[PDB]
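Protein chains in written order, with the deposited numbering: chain C, 834 to 968; chain B, 969 to 1048, 1056 to 1113; chain A, 969 to 1048, 1056 to 1113. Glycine included, every Cβ here is placed at the ideal spot set by N, Cα and C. Only one structure is covered here, and it is reproduced in the block below.
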Amino acid sequence: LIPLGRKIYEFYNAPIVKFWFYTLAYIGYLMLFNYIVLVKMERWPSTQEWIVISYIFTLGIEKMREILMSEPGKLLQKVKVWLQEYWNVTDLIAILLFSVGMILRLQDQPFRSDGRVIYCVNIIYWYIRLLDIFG
Amino acid sequence: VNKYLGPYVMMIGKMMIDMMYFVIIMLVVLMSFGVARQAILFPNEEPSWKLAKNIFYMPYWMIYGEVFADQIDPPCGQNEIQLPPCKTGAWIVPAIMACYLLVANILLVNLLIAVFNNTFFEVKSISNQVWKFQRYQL
Amino acid sequence: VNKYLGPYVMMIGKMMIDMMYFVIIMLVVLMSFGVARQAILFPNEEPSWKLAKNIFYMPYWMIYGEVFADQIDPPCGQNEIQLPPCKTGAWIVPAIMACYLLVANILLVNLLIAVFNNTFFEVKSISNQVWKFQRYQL
Ligand SMILES: CC(C)CCC[C@@H](C)[C@H]1CC[C@H]2[C@@H]3CC=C4C[C@@H](OC(=O)CCC(=O)O)CC[C@]4(C)[C@H]3CC[C@]12C
Ligand SMILES: CC(C)CCC[C@@H](C)[C@H]1CC[C@H]2[C@@H]3CC=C4C[C@@H](OC(=O)CCC(=O)O)CC[C@]4(C)[C@H]3CC[C@]12C
Ligand SMILES: CC(C)CCC[C@@H](C)[C@H]1CC[C@H]2[C@@H]3CC=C4C[C@@H](OC(=O)CCC(=O)O)CC[C@]4(C)[C@H]3CC[C@]12C
Ligand SMILES: CC(C)CCC[C@@H](C)[C@H]1CC[C@H]2[C@@H]3CC=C4C[C@@H](OC(=O)CCC(=O)O)CC[C@]4(C)[C@H]3CC[C@]12C
Ligand SMILES: CC(C)CCC[C@@H](C)[C@H]1CC[C@H]2[C@@H]3CC=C4C[C@@H](OC(=O)CCC(=O)O)CC[C@]4(C)[C@H]3CC[C@]12C
Ligand SMILES: CC(C)CCC[C@@H](C)[C@H]1CC[C@H]2[C@@H]3CC=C4C[C@@H](OC(=O)CCC(=O)O)CC[C@]4(C)[C@H]3CC[C@]12C
Ligand SMILES: CC(C)CCC[C@@H](C)[C@H]1CC[C@H]2[C@@H]3CC=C4C[C@@H](OC(=O)CCC(=O)O)CC[C@]4(C)[C@H]3CC[C@]12C
Ligand SMILES: CC(C)CCC[C@@H](C)[C@H]1CC[C@H]2[C@@H]3CC=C4C[C@@H](OC(=O)CCC(=O)O)CC[C@]4(C)[C@H]3CC[C@]12C
Ligand SMILES: CC(C)CCC[C@@H](C)[C@H]1CC[C@H]2[C@@H]3CC=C4C[C@@H](OC(=O)CCC(=O)O)CC[C@]4(C)[C@H]3CC[C@]12C
Ligand SMILES: CC(C)CCC[C@@H](C)[C@H]1CC[C@H]2[C@@H]3CC=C4C[C@@H](OC(=O)CCC(=O)O)CC[C@]4(C)[C@H]3CC[C@]12C
C-alpha cells in the first residue's frame, strides 16, 4: 500500500497535474458563471452562484497569500512587486468588482439588477482571462 | 491533378491549422460578447437550450457585415405607444458590441491575413514539391 | 500610355489567373452550400430552372456582406398566427451557412490576398519591363 500512496503523492504534486486541475476547475467555474448569468436569479443565490462566490473568495484569499509570501519585507514593496504584473492588477480589480456586484445583488431592487450587470462585465473579464490558460 | 489547382488545394489544407487557431480565439471573444449580451438583455429566463443558441447567433453573423442595426440600442421607455421599459445596463451592450466588433473584425481577421501572408512562401514551396511527389501515387 | 497606369493594367491582367483559381474553389464551395440549402428548405419542387438560379443567388451575395438575416433562421411552426411547420433538418442550414461563410470569407479571400501579395514583386517588375518594351509598338 506504501508504493500506491507514494505514486498518488508523486502524481498529485506534479506541476502538470496541478495545472490541469487548475484548468479544469477554472473551466467548471466559468461554466457555472455562464449558468448563473443566463438563467434568472431569485432573491437569494442558487447553489451554482454560491459555488461561483466561493471560487471568487478563495481566489482572492490565494492572491492575498501570494502577496504575503513574496520577496521583500516591507508590505508596500510586496504590493508594488505584485502589482508589477498586469494580470494581478486586473485580477484585483475583478475581485473587487465581483465583491461590489455581489453586495449590490444581495440587496433588493433596483440594486439586484446592478449586481447582475456587474456580473456580466466580470464574465467578459474571465472569458478574456482564459488566455492565461491558453498561454 | 492540375499543376496549379493541386498545390492550391494542399495549400488550403496547410492554412487550415492557422484558421483553426483563429477560430479558437474568435470562439473565446464571440462567446464572451454573446454571453454578456444575452445575460444583460434577458434577465428573467428559464433554463432552456435557446440561451445557448442566442450566445452564438448574432455575434457570429456580426463578423460578416451584418450588425443587426435594428437591435443595437432600440428606443425604450418612451411614448411614441409607450415602448417597453429599458433593461438595467442596456447601454453597456452597444459599448461592448463596439469593443467586440473592433477586436474581431479589425484585429483577428488582419492577424490571420498576416500569418497567412508571412507563411505563404514556405507552404507554397512544400505544397509544390509534395504535389510533384504525389504525382507517382496518382 | 501613362507610366504608372499601364503597368497597373497589365498587373491586373496578371492577377486574373489567381483570381480564376479562387473563382474555381469559390464555385465548388458555393455550389455545395447552395445545393444543400435549396434541397433542404424546399423538399417538394417540380423540375424548373429556378432551382439552378436559387443554387447561385443568395450564397453568392453572402460573400459581399449580405447574409440575408431575415432568412437565416426564421421562426417556424409557432404562432406569430401559427407559422408553417418547420421543414425537416431546417436547423442544418444555419450550421452549414456558418461553415460556408467561415471557409469562404475568412479562408479563401485571405488566401487570395496572400497569393496576390507574394507574387506582387515579380509581376510588377515583369509588367514594368513589358510596358517599356511595348512603348515601341504604341
Ligand atoms: C471539468 C470540466 C471540463 C467540466 C466540469 C463542469 C460541469 C461538470 C458542470 C458545469 C456546469 C454544470 C451544470 C450547471 C447547471 C445545471 C442545472 C441543474 O439544474 C438545476 O439547477 C435545476 C434542477 C435541479 O435543482 O436539479 C442541473 C445540473 C446542471 C445541468 C449542471 C451539470 C454539471 C455542469 C455541466
Ligand atoms: C469545482 C467546480 C468549480 C466545478 C465542479 C463541477 C461539479 C462538482 C459541480 C458543478 C455543477 C454542480 C451541480 C449544480 C446544481 C446542482 C443542483 C442541486 O439541486 C439541489 O440542490 C436541489 C435541492 C435544493 O433546492 O436544495 C444538486 C447539486 C447539483 C447537481 C450540483 C452538483 C455538483 C456540480 C455537478
Ligand atoms: C457548405 C459548407 C459546409 C462548406 C464546406 C466546408 C468544409 C467542409 C470544406 C471547405 C474547404 C475544405 C478543405 C479544402 C482543402 C483541403 C485540402 C485537402 O487535403 C489535402 O490535399 C491533403 C494535404 C494537406 O492537407 O495539405 C482536403 C482537405 C481540406 C483541408 C478540405 C477539408 C474540408 C473543407 C474545410
Ligand atoms: C468561432 C466561430 C468560427 C465558430 C462559432 C460559431 C458556431 C459554433 C455557431 C454560430 C451559428 C450557430 C448555429 C445557429 C443556429 C442554429 C439552429 C439551431 O436549431 C434550432 O434552433 C431549431 C430550429 C428552430 O427552432 O428554428 C441549432 C443550433 C444552430 C445550428 C447553431 C449551431 C452553432 C453555430 C453554427
Ligand atoms: C469555457 C466554455 C467552453 C464554457 C461554455 C459554457 C456554456 C456554453 C454551457 C455550460 C453549461 C451549459 C448549461 C448547462 C445546463 C443547461 C440546462 C438546460 O435545460 C434543459 O435542457 C431543460 C431541462 C428539462 O426540462 O429536461 C438548458 C441548457 C443549459 C442552460 C446549458 C446552456 C449552455 C451552458 C451555459
Ligand atoms: C472548438 C472549435 C474548433 C469548434 C467549435 C465547436 C463548438 C463551438 C460547437 C460545436 C457543437 C455546437 C453545439 C451543437 C448543438 C447545439 C444545440 C443548440 O440547441 C438549440 O438551438 C435548441 C433549439 C432552440 O431552442 O431553438 C444550441 C447550440 C449548441 C449547444 C451548439 C453550441 C456550439 C457548439 C458546442
Ligand atoms: C460591368 C461589369 C460587367 C464589370 C466588367 C468586368 C470585366 C469585364 C473587366 C473588369 C476588369 C477587366 C480587366 C482589367 C485589366 C486587364 C488587363 C488588360 O490586358 C493587358 O493589358 C494585356 C497584358 C496582360 O494581360 O497582362 C486587359 C484585360 C484585363 C484582364 C481586363 C479584362 C476585363 C475585365 C475583367
Ligand atoms: C463563384 C463565383 C465567383 C461565381 C458564381 C456566381 C454566378 C455564376 C451567379 C451568381 C448570381 C447569378 C445570377 C442571379 C440571377 C439571375 C437572373 C436570372 O433571370 C431570371 O430569373 C429572369 C428574371 C426574373 O424571373 O426575375 C438568370 C440567371 C441570373 C443572371 C444568374 C446567373 C448566374 C449568377 C451570375
Ligand atoms: C459538377 C457541377 C458543375 C454539376 C452541376 C449540376 C447542376 C447545377 C445541374 C446539372 C443537371 C441540371 C438539371 C437538369 C435538368 C433539369 C430539368 C429542367 O426542366 C425543364 O426545363 C422543364 C421541362 C419542360 O417543361 O420543358 C429544369 C432544370 C433542371 C432541374 C437542371 C437544373 C440544374 C442541374 C441540377
Ligand atoms: C467556371 C467559372 C470560371 C465560371 C462560372 C460559370 C458558371 C458557374 C455559370 C455560367 C453560365 C451560368 C448559367 C447561365 C444561365 C442560367 C439560367 C438560369 O435560369 C433562370 O434563372 C430561369 C428563370 C427563373 O425561373 O428564375 C439559372 C442559372 C443558369 C443555369 C446559370 C448557372 C451558372 C452558370 C452555369
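Here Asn1047/B is bridged, per DSSP, to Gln1057/B. The set of residues with CB atoms less than 7 Å from any heavy atom of ligand 2 reads, in chain order, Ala858/C, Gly861/C, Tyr862/C, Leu865/C, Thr880/C, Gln881/C, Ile884/C and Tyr888/C. If the five residues before and after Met978/A are omitted, its C-beta is found closer than 7 Å to the C-beta atoms of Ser1102, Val1105 and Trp1106, all from its own chain and listed in chain order.
If you look at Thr856/C, you'll find it in the alpha helix (DSSP H) that goes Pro848 to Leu871. Of the residues assessed, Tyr976/A falls on the exposed side of the cut-off, its CB having fewer than 16 other CB atoms within 10 angstroms. Annotation: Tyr972/A is outside any alpha helix (DSSP H) and is labelled neither H nor E by DSSP. No Cβ-Cβ contact shorter than 8 Å links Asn1080/A with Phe1095/B. With respect to the C-alpha of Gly948/C, the residue from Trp877/C, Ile936/C, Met902/C and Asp965/C having the closest C-alpha is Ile936/C. Taking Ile1008/A as the centre and dropping the five residues before and after it, the same chain places the C-beta of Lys1062, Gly1064, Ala1065, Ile1067 and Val1068 closer than 7 Å to its C-beta, in chain order. DSSP places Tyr960/C in the helix class (H, G or I) of the three-state scheme.
In summary, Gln1039/A is exposed, with fewer than 16 beta-carbon neighbours lying within 10 Å of its beta-carbon over all protein chains present. Interface with chain B (8 Å Cβ-Cβ cutoff): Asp924/C is excluded. Any Cβ of chain A closer than 8 Å to the Cβ of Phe1096/B would place that residue at the interface, and such an atom is present.
In this structure, the CA atom of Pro1059/B is about 8 Å from the CA atom of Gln1046/B. Apart from sequence neighbours up to five positions away, the residues of its chain that approach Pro905/C with a beta-carbon distance below 7 Å are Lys911 and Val914, ordered along the chain. Closest in C-alpha terms to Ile869/C, from the list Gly838/C, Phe852/C, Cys953/C and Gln942/C, comes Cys953/C. Residue state for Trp920/C is assigned as helix, using DSSP reduced to three classes.
Residues of the stretch 921-949 of chain C with a Cβ closer than 8 Å to any Cβ of chain B, in chain order: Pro943, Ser946, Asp947 and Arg949. In the same chain as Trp959/C, and ignoring 5 residues on each side of it, the C-beta atoms closer than 7 Å to its own belong to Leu863 and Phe866, in chain order. For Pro1069/B, no chain C residue has a Cβ inside 8 Å of its Cβ, as the nearest lies near 14 Å away. In its chain, beyond the 5 residues on either side, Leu998, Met999 and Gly1002 have a beta carbon closer than 8 Å to the beta carbon of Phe1024/A. Put simply, the CB of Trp1029/B is near chain A, with a gap under 8 Å to one of its CB atoms. In this structure, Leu871/C is the residue among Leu871/C, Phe844/C and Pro943/C with its C-alpha nearest to the C-alpha of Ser1016/B. Buried is the label assigned to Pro1027/B, since at least 16 other Cβ atoms lie within 10 Å of its Cβ. In this structure, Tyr1025/A has its CB closer than 7 Å to one or more heavy atoms of ligand 8.
A Cβ of chain C is located within less than 8 Å of the beta carbon of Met999/B. Collapsing the DSSP output to three states places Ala1037/A in coil. Only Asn867, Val870, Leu871, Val872 and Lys873 from the stretch 856-879 of chain C bring a Cβ to less than 7 Å from some Cβ of chain B.
Nearest to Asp986/B by C-alpha distance, out of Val1098/B, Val1090/B, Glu1014/B and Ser1100/B, is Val1090/B. The alpha carbon of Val922/C has as its nearest neighbour, out of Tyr888/C, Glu899/C, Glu882/C and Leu939/C, the alpha carbon of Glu899/C.
Shown in chain order are the members of the stretch 1006-1028 of chain B whose Cβ falls below 8 Å from a Cβ of chain A: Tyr1025 and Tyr1028. A check of alpha carbon separations from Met984/B across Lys971/B, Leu1087/B and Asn1022/B identifies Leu1087/B as the nearest. The C-beta of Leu1076/A comes closer than 8 Å to at least one C-beta of chain B.
DSSP, reduced to helix, strand and coil, places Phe1010/B outside both helices and strands of the structure shown, so it counts as coil. DSSP places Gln1112/A in the coil class of the three-state scheme, outside both helix and strand. Within chain A, the residues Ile1081 and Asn1085 have their CB atoms less than 8 Å from the CB of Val1084/B, given in chain order.
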